[PDB]
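Here's a solo chain for you in structure tokens, the form deposited in one PDB entry.
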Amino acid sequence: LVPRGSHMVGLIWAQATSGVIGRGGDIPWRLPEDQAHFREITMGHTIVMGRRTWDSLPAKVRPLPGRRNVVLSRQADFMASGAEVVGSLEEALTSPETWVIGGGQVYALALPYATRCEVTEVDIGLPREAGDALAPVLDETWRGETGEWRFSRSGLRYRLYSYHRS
């Protein structure tokens, strides 16, 4: 689908219905089904994340295996074992296929160049709070399909959105 000479940038995130994606340096829910979905989409590709999202990774999956981990930071001395640290978006988006995996700052940074968004919506009524990380706002040029609601093992329900644009 992707010509190897092109640079497909995709965004992937899970959000509460309110748009909350992050809180207190963590994701305020657990959804193994979403983790699986995220793994399915990003596997074998370059992934790009903000430094704070690197900090948020569970140790057992830091770095995320099977993927080239790229971390954006302005700290030249930042230690990110198993990952590479770059100081600019330009040097982070050199692969034919890149998935930007968070957080709020880097979604907003990469969004203008993105042509794919893979969104998990979790039906949890977490209101937006001060200091929360929020999902980026998509313009009208995006289009795609909304999947049906599904119960997770835990009884938490979620659904998948696949957006794209030219």
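Numbering starts at 1 and runs along the sequence shown. Throughout, rigid core stands for the largest set of C-alpha atoms superposing within 1.5 Å between the two forms.
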Should the higher mean CA B-factor in the entry be assigned to 136 to 144 or to 94 to 102? 136 to 144
Do the CA atoms of 26 to 34 or those of 46 to 54 have the higher mean B-factor in the entry? 26 to 34
Highest CA B factor of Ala108, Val61, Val70, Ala114, as deposited, is found at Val61
How does the C-alpha B factor of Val86 compare with the rest of the chain: lowest, middle or highest third? lowest
Could you say whether, by C-alpha temperature factor, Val122 belongs to the lowest, middle or highest third of its chain? lowest
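From this point on, the text means the form deposited in another entry, which you will not see here.
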Tell me, with the core superposed, which single residue in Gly131, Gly66, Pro58, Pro127 has its C-alpha moved by at least 2 Å between the shown form and the other one. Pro58
